[PDB]
Amino acid sequence: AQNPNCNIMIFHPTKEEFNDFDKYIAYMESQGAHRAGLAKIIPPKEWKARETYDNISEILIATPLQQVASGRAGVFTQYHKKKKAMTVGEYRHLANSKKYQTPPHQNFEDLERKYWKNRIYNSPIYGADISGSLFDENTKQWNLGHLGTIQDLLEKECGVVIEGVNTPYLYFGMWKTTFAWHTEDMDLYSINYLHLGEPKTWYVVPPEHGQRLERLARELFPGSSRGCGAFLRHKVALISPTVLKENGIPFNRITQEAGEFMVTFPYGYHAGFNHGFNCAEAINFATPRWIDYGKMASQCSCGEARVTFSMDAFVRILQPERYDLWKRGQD
Ligand SMILES: O=C(O)CNC(=O)C(=O)O
Ligand SMILES: [Mg+2]
Ligand code: NI
Ligand SMILES: [Zn+2]
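What counts, and where the lines are drawn
- Residues numbered from 1 in each chain as written, not as in the entry; some residues may be left out.
- Chains lettered and ligands numbered in written order.
- Heavy atoms only, no water.
- Residues with missing side-chain atoms left out of burial classes, pairs and counts.
- UniProt positions renumbered as here; feature names shortened; annotations may be inferred.
- Helix = DSSP H or I, 4+ residues; strand = E, 2+ residues; numbered from the N terminus.
- Contact = heavy atoms within 4.5 Å.
- Buried < 20%, exposed > 50% of the residue type's maximum accessible area, 1.4 Å probe, protein only.
- Pairing = 2+ DSSP bridges.
- Near = heavy atom within 4 Å.
- Polar contact = N/O pair within 3.5 Å; in protein donor to acceptor, adjacent residues only side chain to side chain.
- Areas by Shrake-Rupley, 256 points an atom, 1.4 Å probe, with all protein chains shown as cover.
- Nonpolar A, V, L, I, M, F, W, Y, C, P; charged D, E, K, R; others polar.

- Per the deposited record, determination of this structure is attributed to X-ray crystallography, with the resolution reported as 1.4100 Å.

### Here we look at the UniProt feature "binding site: Zn(2+)" in the protein
Part 1 of the reasoning: With numbering matched to this structure, UniProt assigns "binding site: Zn(2+)" to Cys-228, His-234, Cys-300 and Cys-302. Considering the C-alpha atoms alone, the annotated residues occupy 75 residues of sequence yet fold into one spot, their largest mutual distance being 9.9 Å.
Part 2 of the reasoning: On the secondary structure map, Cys-228 appears in the loop between α6 (222-227) and β12 (237-239).
Part 3 of the reasoning: Excluding its chain neighbours within four sequence positions, the residues that come into contact with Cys-228 are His-234, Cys-300 and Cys-302.
Part 4 of the reasoning: By the secondary structure assignment, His-234 is in the loop between α6 and β12.
Part 5 of the reasoning: Note on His-234: relative accessible area 22%, which makes it partly exposed.
Part 6 of the reasoning: Beyond its immediate stretch of four places on either side in the chain, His-234 contacts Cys-228, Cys-300, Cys-302, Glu-304 and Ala-305.

### Focus on the pairing of strand β14 (residues 261-264)
Part 1 of the reasoning: Here β14 shows no split at all, with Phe-261 and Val-263 on one side and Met-262 and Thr-264 on the other all buried.
Part 2 of the reasoning: Taken together, the four bridges between strand β2 (residues 38-41) and β14 define a ladder with antiparallel strand orientation. In the sheet register, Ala-39 faces β14, and the bridge partner there is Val-263.
Part 3 of the reasoning: When strand β10 (residues 189-197) meets β14, the two strands line up antiparallel, connected through four bridges. When the bridges of β14 are listed, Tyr-193 appears paired with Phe-261.

### Side note on the site of ligand 1
Part 1 of the reasoning: Taken together, the residues surrounding ligand 1 are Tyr-126, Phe-179, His-182, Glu-184, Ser-190, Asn-192, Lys-200, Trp-202, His-270 and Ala-282.
Part 2 of the reasoning: One of the side-chain N or O atoms of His-182 is found 3.0 Å from an oxygen atom in ligand 1.
Part 3 of the reasoning: Side-chain polar atom of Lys-200 to an oxygen atom of ligand 1: 2.9 Å apart, as the coordinates give it.
Part 4 of the reasoning: Within the complex, the protein chains bury 93% of what would otherwise be the 290 Å² of accessible surface of ligand 1.
Part 5 of the reasoning: Elements supplying a minimum of two residues to the shell around ligand 1: β9 (178-182), β10 and β11 (200-205).
Part 6 of the reasoning: Taken together, the residues that form the shell around ligand 1 break down as four nonpolar, four polar and two charged.

### Description of the side chain of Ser-240
Part 1 of the reasoning: Mapped onto the elements, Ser-240 comes out in the loop between β12 and α7 (241-246).
Part 2 of the reasoning: Its relative accessible area of 4% is what places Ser-240 among the buried residues.
Part 3 of the reasoning: Separated by 3.1 Å, the side chain of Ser-240 and the backbone nitrogen of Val-243 make a polar contact.
Part 4 of the reasoning: Not counting chain neighbours up to four residues away, the residues in contact with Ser-240 comprise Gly-74 and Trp-116.

Here is the structure:
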């Protein structure tokens, strides 16, 4: 068995190996990369996502989200308070202001210590989930707006044609902006490219151990757990590496820098934080190996998780017994 300790693997494809996206995912899996839940892919030196980032300031963040925390430093929830619209140029200035800027630090480990000590005492503002792309249309390799769609993959594997579309999303971050513990919708893969700016630190639980994280979360968030049998689908709960280690939960960590891709694998729980002003692009995707995870994915039916149009068909075809209850949650 490849990668039996479930370590995060880092890949350096050549320009030839960067041509065929599906083939390279399958290669990484042949080496055991999925067992970690997360892999890093460093593009060949010949590649670029676009020519420059000099002309992005007029992109609109229609609904910036202020991430307000409740709880204790290592075990907290966050809720998202909607703020007034602002441009990317306005958001960048805000991120760099004395109230929000990254503090002085020695290295990534010192900054990680400061994040976990102090996150809950501040409310950073995140531009998340903005439909769009920063890849140049002429970039033919690993262009996250030109991937094979999940609807086409389901059709190719199972023979059933379905409605829905699959497009990328932009994230504009600042120091302390936070992504809560989650797996993807329908336990899909995700791919994330850090276009510019400061790093993103990730934490991940191997898919084979995801139910250990879920049992800890039910213990640590007992009201939320009574409310919903899949409350991590709400994407609000944070648990620190120190708390995970105290409770024996297997995990790994890695820092993504500008110019790097991360892939999350089906049922790989992940969480993390941004170091300072940055911009990332991410999308979900599927492979043949995903289908069995899609059929078994938990679902939120309490009303909180509310998701895209395109999840309807995935539930309807892969999980027909759950469909009626899930759809009630959507309505
Ligand atoms: O970058 C972020 O805020 C969160 N991203 C992801 O969870 C991802 O790419 O799967
Ligand atoms: Mg612009
Ligand atoms: Ni994710
Ligand atoms: Zn729920």
